[PDB]
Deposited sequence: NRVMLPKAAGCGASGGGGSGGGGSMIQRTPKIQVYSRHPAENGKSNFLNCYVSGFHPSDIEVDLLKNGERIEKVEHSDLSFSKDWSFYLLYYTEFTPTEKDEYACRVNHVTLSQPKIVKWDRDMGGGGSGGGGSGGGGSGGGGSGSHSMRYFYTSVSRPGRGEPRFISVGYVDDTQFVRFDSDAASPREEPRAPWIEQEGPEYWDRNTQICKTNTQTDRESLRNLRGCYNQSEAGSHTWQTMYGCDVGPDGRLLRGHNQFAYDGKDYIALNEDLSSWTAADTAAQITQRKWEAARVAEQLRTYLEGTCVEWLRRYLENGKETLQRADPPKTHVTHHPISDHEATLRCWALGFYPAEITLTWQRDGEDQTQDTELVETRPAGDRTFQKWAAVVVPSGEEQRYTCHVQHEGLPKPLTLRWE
């Protein structure tokens, strides 16, 4: 359940991040069995992006995508997907265009007891094209359960998980109202922030908000969060004591003084210690058969010679939930952090996640390397060695 957010105060630099692209199937592809083709685009900023799935060079028409969300560094991620039945010869790919790319990039298809709730908000101004685009999503751990999009035909808080559908009309009305109010608050924040940095109305800017709570196995608050970012950079954050702010620059300090006088932190603390933890506890009980079940990774190692004297060892983890995982390659038990290539953890589309880690080793020394896997679904870490 949401909270109404404060407005940045009236009184420049901008991050650009290039998308990371992975193309893959949800489950091992079968030459005659239905599957899902996934294109996962992550780590990018700003949020404007174009993603198409290709079949034999042709653009696939019925492609869905996940609701815009972002990672701790404020960078965005999206999953694009479609059901498909792969064949021996049909060739699939993903094409991505973004301001950081000089041409569209084509990639060919080759527990613990602790929990969290987060709401993520993204407002993006659209100069000359109407009002800002407002998109908000809510998560329990790595399970999305609501979304709100100001460009929907009838914008409202919408269910995205089965265990939230039982909430009554008061819940949907209340959270829809909070979203609609926050849309207008964000529009006012964007206007105020332009003034703080002497920016005209002609440029597009991004205002992102996150808040939420972490609880332990007994349901107690472990810590609360509320942070804001402008154009991809930290702007102001509630400190861990839930009683003070950290402001990134002189503009944000003006907001800090306004929110101090308005006792914003006290209101957020009240929400984080009460409503946030109480509703998270409710969701964990109502969705316990999925939310309180950890799925351990299914793991294996592959081996690819790259020359007469070196080979690639790749450690795969598949089908795990929640998304947090650690894959490490060791030589004689010592971490090879510098030499290990990792990919961003990616969604299969069915709640679970996937990840791999690779290392290049001298041919003949493969047996001195082990892959170490840590996941909360494992009683103890797993170790794998190539045969």
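Missing C-alpha coordinates mark the following deposited-sequence intervals, in order: 12 to 22, 122 to 142.
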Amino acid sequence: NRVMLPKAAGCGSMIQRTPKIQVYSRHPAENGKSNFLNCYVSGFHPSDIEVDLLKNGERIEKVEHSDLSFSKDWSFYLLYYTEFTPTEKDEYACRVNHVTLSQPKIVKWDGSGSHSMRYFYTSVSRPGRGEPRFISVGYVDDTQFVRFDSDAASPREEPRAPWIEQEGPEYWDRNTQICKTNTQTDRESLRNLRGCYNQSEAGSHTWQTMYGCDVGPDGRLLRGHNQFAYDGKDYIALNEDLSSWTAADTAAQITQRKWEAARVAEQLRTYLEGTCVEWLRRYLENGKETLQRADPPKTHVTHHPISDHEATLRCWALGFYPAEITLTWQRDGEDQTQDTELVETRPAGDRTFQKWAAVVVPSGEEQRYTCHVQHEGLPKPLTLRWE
From here on, numbers count along this sequence of modelled residues.
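Taking only CA atoms, the mean B-factor in the PDB entry is higher for 154 to 162 than for the other of 154 to 162 and 186 to 194. Judged by mean Cα B factor in the deposited record, 252 to 260 ranks above the other of 137 to 145 and 252 to 260. The entry assigns its greatest Cα B factor, within the set 170, 83, 231, 73, to 83. Taking the deposited Cα B-factors for 67, 48, 324, 334, the highest one is held by 334. Ranked within its chain, residue 220 lands in the middle third, by CA B factor from the PDB record. In the deposited entry, the Cα temperature factor of residue 118 places it in the lowest third of its chain's modelled residues.
Annotation for residue 127: CA B-factor lies in the lowest third of the chain's modelled residues. When all modelled residues of the chain are sorted by CA temperature factor, residue 174 is found within the lowest third. Among all modelled residues in its chain, residue 316 ranks in the middle third by Cα B-factor.
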